[PDB]
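These notes concern the structure reproduced below.
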Amino acid sequence: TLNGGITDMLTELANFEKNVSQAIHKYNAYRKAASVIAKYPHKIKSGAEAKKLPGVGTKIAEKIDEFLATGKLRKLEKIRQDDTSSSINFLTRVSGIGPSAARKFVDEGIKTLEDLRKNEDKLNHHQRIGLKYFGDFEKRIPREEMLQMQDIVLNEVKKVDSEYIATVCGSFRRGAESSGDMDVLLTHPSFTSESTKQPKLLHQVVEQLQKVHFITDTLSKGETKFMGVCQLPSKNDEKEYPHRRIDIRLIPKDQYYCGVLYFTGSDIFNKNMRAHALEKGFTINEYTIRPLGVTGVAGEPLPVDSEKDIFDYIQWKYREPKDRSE
DNA sequence: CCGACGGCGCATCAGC
DNA sequence: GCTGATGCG
DNA sequence: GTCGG
Ligand SMILES: Nc1ccn([C@H]2C[C@H](O)[C@@H](COP(=O)(O)OP(=O)(O)OP(=O)(O)O)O2)c(=O)n1
Ligand SMILES: [Mg+2]
Ligand SMILES: [Mg+2]
Ligand code: NA
Ligand code: NA
């Protein structure tokens with residue numbers, strides 16, 4: 001937490017580029033710098049020291065320099081004052097509303113939570129449930145609640161079929177003391193890269209979790225990616241738990257290790273690892289790792305039987321989930 | 001300087 | 001109905 | 001915005 005003020009400034013910068021400028025690479029630049037400073041185990045005394053790290057360049061060096069002197073970034077000071085940017089930023093915190101929708105709403109005078117509620121019928125479905133549970137989705141989930149939710153999902157999943165395996169991934173598998181949401185990877189032996197012997201494999205799971213009133217809302221749903229809302233049961237007289245985001249991702253069982261690498265994350269660790277795969281001459285997605293040769297074309301999937309095997313290929317010594325928290 | 005910067009599922013829309 | 005591009009997580 | 005070539 002040594003440079004919590006620095007990395008925050010970079011995060012506020014990155015959200016602005018994504019949400020206002022819609023400059024997704026500047027946003028990825030700032031989020032990379034942010035991450036590589038967050039794990040740097042000294043208290044950064046100057047911009048020049050920060051620039052030594054990969055991902056901090058000159059622009060970010062001047063800004064760290066300004067921030068260390070005054071305790072602020074004048075560029076950020078004005079971005080806070082700007083009415084329209086402040087509004088676009090705010091509406092993006094609603095699930096299902098990205099930078100384009102946040103700008104389109106602001107050009108209609110829709111700038112606040114009241115305006116959203118008042119104009120609910122101008123929201124698609126995901127954005128309706130996003131706004132419904134706006135405050136809840138702002139809360140983090142203590143790991144203790146993540147452990148309760150895990151019991152339910154896994155025990156309902158094996159009521160459906162003892163052959164399902166469900167693995168909780170995301171920050172939970174990385175050992176986080178609290179989680180933004182719950183991320184569940186699902187495998188059944190019928191669904192492989194070879195064949196879909198069984199239909200509606202994900203639907204059966206979603207149905208059961210709805211029947212026991214765990215899943216309460218759906219943001220989106222197809223054959224391999226469910227995205228909705230869930231809520232722990234509360235005791236008699238207890239106040240209710242907040243509603244929680246839940247994502248469920250069904251992966252061909254023979255492709256489990258590429259799946260659990262992807263879903264365990266983080267997004268940035270994934271991005272560094274896949275970038276460095278390209279530099280090694282490979283591509284990794286959630287399903288496969290493959291070579292690219294001569295052309296710009298993926299070859300055939302290399303064999304994988306462990307998460308480490310993926311690290312071996314790109315010549316990275318293996319890293320525990322709790323060390324993949326970039 | 002300049003191209004690359006990770007990758008893909010689902011919802012929605014435009015254009016047939 | 002499609003397919004393809006774009007928004008969003 | 002930053003990197004590699
Ligand atoms: N742009 C992204 C977003 C997500 N993921 C990945 C890796 C993640 O770890 C996982 C789950 O996504 P989350 O949004 O749940 O991210 P985390 O679980 O890691 O963090 P949080 O605790 O906020 O949920 O999918 C990715 O690869 N690229
Ligand atoms: Mg999560
Ligand atoms: Mg998620
Ligand atoms: Na560097
Ligand atoms: Na949003």
Side-chain angles (χ1 to χ4, degrees), chain A residues 9-11 13-19 21-37 47 50-64 75 88 91-105 122-130 137 169-170 180-183 185-186 202-203 206 218-229 245-252 255 258-259 261-263 265-290 292 296 298 310 314 324 326:
Chain A
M9 161 204 37
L10 304 170
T11 294
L13 289 161
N15 291 326
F16 168 84
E17 298 293 1
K18 176 168 180 157
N19 295 339
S21 300
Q22 287 172 268
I24 191 69
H25 299 293
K26 302 201 156 190
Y27 154 83
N28 279 319
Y30 284 122
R31 278 239 303 186
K32 185 198 261 279
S35 210
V36 80
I37 290 182
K51 178 154 206 188
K52 309 242 57 173
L53 308 183
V56 177
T58 308
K59 298 295 173 63
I60 292 186
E62 289 162 80
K63 310 217 180 330
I64 304 186
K75 172 179 193 163
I88 294 168
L91 299 165
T92 53
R93 303 160 60 193
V94 177
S95 192
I97 300 182
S100 174
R103 190 172 282 270
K104 190 174 169 307
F105 285 135
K122 284 207 148 294
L123 302 170
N124 67 28
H125 176 50
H126 181 154
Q127 294 155 348
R128 249 184 187 251
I129 320 282
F137 290 172
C169 301
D181 81 327
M182 158 162 288
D183 296 308
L185 183 135
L186 190 50
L202 176 57
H203 188 102
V206 167
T218 292
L219 303 175
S220 37
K221 173 167 173 171
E223 307 184 61
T224 70
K225 173 156 75 54
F226 173 87
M227 188 168 317
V229 194
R245 282 269 298 113
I246 192 179
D247 291 316
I248 317 192
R249 185 62 189 275
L250 169 77
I251 282 290
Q255 294 178 323
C258 289
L261 174 75
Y262 158 77
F263 226 17
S266 63
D267 53 339
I268 294 189
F269 170 85
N270 281 10
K271 277 164 67 74
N272 310 348
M273 187 174 170
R274 303 180 173 195
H276 165 82
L278 296 176
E279 285 171 1
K280 283 309 185 181
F282 305 86
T283 175
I284 313 174
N285 54 7
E286 53 258 79
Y287 310 116
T288 52
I289 173 185
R290 317 161 166 246
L292 294 89
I310 315 179
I314 69 174
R324 308 175 194 161
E326 271 140 47

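Chain letters run A, B, ... following the sequence lines, proteins first, then strands; residues in each count from 1. Heavy-atom basis, side chains included; hydrogens, waters and symmetry copies ignored.
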Q) A:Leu278 CG to D:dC3 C1': how many Å, rounded? A) 14 Å
Q.
Under 5.0 Å from its side chain, does A:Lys26 reach major-groove atoms (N7, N6, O6, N4, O4) or minor-groove ones (purine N3, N2, pyrimidine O2)?
A. major
Q.
Rounding to an integer number of angstrom, what distance separates D:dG5 and B:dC5 when you compare their P atoms?
A. 13 Å
Q) NZ of A:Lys280 versus P of B:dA4: gap in Å, rounded? A) 21 Å
Q: Starting from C1' on B:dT12, measure out to NZ on A:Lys221 and report it in whole angstrom.
A: 20 Å
Q) Side chain of A:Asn124: nearest nucleotide among B:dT12, B:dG9, B:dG6? A) B:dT12
Q: Report yes if some heavy atom in the side chain of A:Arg249 is under 4.5 Å from a heavy atom in the side chain of A:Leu186; otherwise report no.
A: no
Q. To the nearest angstrom, how far is A:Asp247 atom CG from C:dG9 atom P?
A. 11 Å
Q. C:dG9, B:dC8, B:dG6: which one has an atom nearest the side-chain heavy atoms of A:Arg245?
A. C:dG9
Q) Using the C1' atom in both, what is the distance from B:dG7 to C:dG7, to the nearest Å? A) 16 Å
Q.
Distance check needed: D:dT2 P versus A:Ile268 CD1, whole Å only.
A. 15 Å
Q: Report which part of the nucleic acid A:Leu53 touches: base, sugar-phosphate, or nothing (heavy-atom distance under 4.0 Å, all strands).
A: sugar-phosphate
Q. CG of A:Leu292 versus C1' of B:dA4: gap in Å, rounded?
A. 14 Å
Q: For A:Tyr27, answer base if it contacts any base atom (sugar-phosphate contacts may also be present), sugar-phosphate if it contacts only those atoms, and nothing otherwise; contact means non-hydrogen atoms under 4.0 Å.
A: nothing
**Q.** Aromatic-base stack, A:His25 on B:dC5, cutoff 5.5 Å, angle under 30
**A.** yes
Q: Test side chain to side chain contact (heavy atoms under 4.5 Å, CB included) on A:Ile284 and A:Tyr262 and set out the steps.
A: CA-CA 9 Å; A:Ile284 313 174; A:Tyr262 158 77; over 6 Å; no
Q | Integer-rounded Å distance: D:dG1 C1' and A:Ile60 CD1 | A | 6 Å
(Q) Can you tell me if A:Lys225 touches the phosphate of B:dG9, counting only side-chain N or O atoms and a distance under 4.0 Å to OP1 or OP2? (A) no
**Q.** Sugar-phosphate only, base, or nothing, as touched by A:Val94 at under 4.0 Å among non-hydrogen atoms
**A.** sugar-phosphate
Q: Pick base, sugar-phosphate or nothing for A:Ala101, based on heavy-atom distances below 4.0 Å to the nucleic acid.
A: sugar-phosphate
Q. The side chain of A:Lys59 lies closest to which of these nucleotides: B:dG7, B:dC10, D:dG1?
A. D:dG1
Q: Give the intermediate values and the outcome of side chain to side chain contact (heavy atoms under 4.5 Å, CB included) for residues A:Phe269 and A:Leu261.
A: CA-CA 10 Å; A:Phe269 170 85; A:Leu261 174 75; 4.2 Å; yes
Q. If you check every side-chain atom of A:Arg249, which of C:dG9, D:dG1, B:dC8 has the closest atom?
A. B:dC8
Q) For the side chain of A:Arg274, counting heavy atoms from C-beta on, which of B:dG9, B:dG6, B:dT12 is nearest? A) B:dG6
Q | Intermediate values then yes/no, side chain to side chain contact (heavy atoms under 4.5 Å, CB included), A:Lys51 and A:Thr58 | A | CA-CA 7 Å; A:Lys51 178 154 206 188; A:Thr58 308; 2.6 Å; yes
(Q) Base, sugar-phosphate or nothing for A:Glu286? Non-hydrogen atoms, less than 4.0 Å. (A) sugar-phosphate
Q: Determine the Euclidean distance between corresponding P atoms of D:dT2 and B:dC8; express it in Å to zero decimal places.
A: 28 Å
Q. Read from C1'-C2'-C3'-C4', is the pucker at D:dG1 north or south?
A. south
Q) Given that A:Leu202 and A:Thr283 both sit by DNA chain B, which one's nearest nucleotide is further toward the 5' end? A) A:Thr283
(Q) A:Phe226 vs A:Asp247, test: side chain to side chain contact (heavy atoms under 4.5 Å, CB included). Steps then yes/no. (A) CA-CA 6 Å; A:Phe226 173 87; A:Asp247 291 316; over 6 Å; no
Q) Rounded to whole angstroms, how far apart are CZ on A:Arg93 and P on C:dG9? A) 13 Å
Q. Base, sugar-phosphate, or nothing: which does A:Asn270 touch, judged by heavy atoms less than 4.0 Å apart?
A. base
Q | Closest to side chain of A:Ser220, choosing from C:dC8, B:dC10, D:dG1 | A | B:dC10
Q) Base, sugar-phosphate, or nothing for A:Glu17, non-hydrogen atoms under 4.0 angstrom? A) nothing
Q: Measure from the side chain of A:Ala275, starting at C-beta and using heavy atoms only, and say which of B:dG6, C:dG9, B:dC8 lies closest.
A: B:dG6
